[PDB]
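In: This one is an experimental structure. Sequence first:
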Amino acid sequence: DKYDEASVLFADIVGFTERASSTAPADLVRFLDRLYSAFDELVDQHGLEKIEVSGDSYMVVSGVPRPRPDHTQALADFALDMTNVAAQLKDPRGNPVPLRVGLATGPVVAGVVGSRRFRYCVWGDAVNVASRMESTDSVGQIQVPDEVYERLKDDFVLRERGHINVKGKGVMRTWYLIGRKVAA
């Protein structure tokens, strides 16, 4: 188990049988599941692996066993394909893209609990603050914090958002949104 520092990504769609659908066993909850089935296949690129998942939530940490200096930049470009890929599939059945993505970085510790329960999990200060970014997101874009905003090395475009309302942190902080990666 290690402590150090790592970046974490959190993702979840609000358009998962909650809008105005009647709920059907056929076609429904199968085309959306086919989208997420394309994300795990596209995983093979860098040091990334799926950790925790209760229901329809999807979160990936960069704190994999083998850590790289550019762990913050590994998810920064990965979040650009999260929206790009989930945009080609439209026909048949017209569905919008209300996908909400939230980023965060900081101290991350490995779980791995012996006996009593078969699980590896992931916990830390960063993992806790990566969820609130998702739950409280407008339009349907990626929400980046100040921490990740400091790790860009003049290679990423970020736009200021502002402040909202929080209960966990208490004091609100300036948030940003990643548009595209700077490539000369």
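Out: The structure has been received and is ready for your questions. Numbers count the residues shown, from 1 in each chain.

In: residues touching residue 79, list them.
Out: With contact taken as C-beta atoms under 8 Å, 6 or more residues apart in numbering, residue 79 is in contact with 9, 101, 103, 142, 178. Yep, even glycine has a C-beta here, placed from its N, CA and C like the rest.

In: Nearest to residue 111 among the residues you listed?
Out: Comparing those against residue 111 with C-beta to C-beta picks out residue 9 as the nearest, at 17.8 Å.

In: wait, what's in contact with the closest one?
Out: Residues near residue 9 by C-beta under 8 Å, 6+ apart: 59-62, 75, 78-79, 101-103, 130.

In: Whichever strand or helix holds residue 33: what's the following helix or strand?
Out: Assigned by DSSP states H and E, residue 33 belongs to helix 31-36. For helix 31-36, the succeeding helix or strand toward the C-terminus, using DSSP H and E, is strand 49-50.

In: what helices or strands is that following strand leaning on?
Out: Under the contact criterion of 3 or more C-beta pairs under 8 Å, 6 or more residues apart in numbering; DSSP states H and E, the helices and strands touching strand 49-50 comprise strand 58-61.

In: what's in contact with the very next helix or strand once past the strand it packs on?
Out: Using DSSP H and E, the helix or strand that directly follows strand 58-61 along the chain is helix 71-76. The contact list for helix 71-76 (C-beta under 8 Å, 6+ apart) reads 6-9, 46-48, 60, 62-63, 68, 103, 105, 148, 151-153, 155-156, 178, 181.

In: Stretch 17-35 too?
Out: Contacting residues not belonging to stretch 17-35 are listed as 13, 16, 86, 89, 93, 95 [C-beta under 8 Å, 6+ apart].

In: And the helices in this structure?
Out: In the chain, helices defined by DSSP state H lie at 31-36, 71-76, 78-85, 125-129, 132-135, 146-150, listed in chain order.

In: Using PDB, write out every CA atom in the second one.
Out: Listed next in PDB are the C-alpha coordinates belonging to helix 71-76 (Å, rounded to 0.1, in the frame of the first residue of the first chain):
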ATOM      1  CA  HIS A  71      -0.600  11.100 -13.900                       C
ATOM      2  CA  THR A  72      -2.600  14.300 -14.000                       C
ATOM      3  CA  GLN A  73      -2.000  14.600 -17.800                       C
ATOM      4  CA  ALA A  74      -3.000  11.000 -18.300                       C
ATOM      5  CA  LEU A  75      -6.600  11.700 -17.300                       C
ATOM      6  CA  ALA A  76      -6.600  15.200 -18.800                       C
END
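
In: Quick check: closest non-adjacent residue to residue 77.
Out: Spatial nearest neighbour of residue 77, chain neighbours left out: residue 181 (5.5 Å); criterion: C-beta to C-beta, 6 or more residues apart in numbering.
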